[PDB]
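Given as structure tokens, the chain that follows is alone and in the form deposited in one PDB entry.
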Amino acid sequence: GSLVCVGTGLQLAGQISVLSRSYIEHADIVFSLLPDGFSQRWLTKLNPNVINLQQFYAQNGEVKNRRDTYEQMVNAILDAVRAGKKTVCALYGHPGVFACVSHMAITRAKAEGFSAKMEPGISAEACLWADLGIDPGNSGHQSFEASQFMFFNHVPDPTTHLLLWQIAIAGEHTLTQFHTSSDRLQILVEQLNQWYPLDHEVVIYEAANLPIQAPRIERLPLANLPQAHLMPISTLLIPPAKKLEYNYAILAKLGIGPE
């Protein structure tokens, strides 16, 4: 058996790479994690032998640690590989961006002596740059998971574009809920206020998943984040609060200046 993890991008049908589509077509079996029923139907038409990973999320109001869901997904995938199947895992976006299942499955497959690889796809941030007309290289880019930003020591560079992923579950420490609370978001606001003014304009971004759908590009002051309507798919963009300043020490060593 063998494993190839591919991404389907965010938009229905057209945002998958040509080669990745081919991998799905030729697979013995496909394990999917897709945004909606339209993408699910598209996939099943491409290859009918699909196992929907969604089943491993908490189903009936059960309390379930997300780590357990992911482990069960990985085990499902590996079972197909172990049994001898040419296995493809088709995840929305890029299968290795803010996604542990593919990396975990690839690590485990290799450890067990199976061929395993990841094909890149178009991620949410790839969509953001295009939709907002922002180049990550303009003043730089930084990405963190929102909860990780809260629970561990991270320092943003406020001259860059900062992305906080999984904002809808920011500070939800149990990994057992699909949303957080306004109180937690307020703590995040106060934390961010170390670098960003309370009136600093931030952007709640949601890339469209359907061709008839416009992206969500909602501008609001940071202070208002705790009252905002957030979805699992929301990413928070925090544009620069500070202009670039000259690195005089290095400029002098290079023998140059602003001019």
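Just count from 1 along the sequence shown to find any residue number. Only residues modelled in both forms are compared. Take the two forms, superpose them, and find the largest set of C-alpha atoms that agree within 1.5 Å; that set is the rigid core.
Here the stretch with the larger average CA B-factor, out of 173 to 181 and 86 to 94, is 173 to 181.
Checked against the record, the higher mean CA B factor of 249 to 257 and 2 to 10 lies with 249 to 257.
Taking the deposited Cα B-factors for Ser32, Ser234, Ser39, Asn60, the highest one is held by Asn60. Annotation for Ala146, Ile187, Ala80, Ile106: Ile187 ranks highest, by Cα B-factor.
Annotation for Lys117: C-alpha temperature factor in the middle third relative to the rest of the modelled chain, per the entry. Looking at the C-alpha B-factors along this chain, the one for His141 belongs to the lowest third.
When the modelled residues of the chain are ordered by C-alpha B-factor, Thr69 sits in the middle third. Ranked by Cα temperature factor within the chain, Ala111 sits in the highest third according to the deposited record.
Among all modelled residues in its chain, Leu210 ranks in the lowest third by Cα B-factor.
What comes next is about the form deposited in another entry, which is not displayed.
Summarising the superposition on the core between this form and the one not shown, the listed residues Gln186, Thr159, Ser143, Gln177 contain exactly one with a Cα shift of 2 Å or larger, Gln177. 137 to 139, 174 to 180, 256 to 259 make up the set of runs between this form and the one not shown where every Cα shifts by 2 Å or more, each run at least three residues long, with the core as reference frame.
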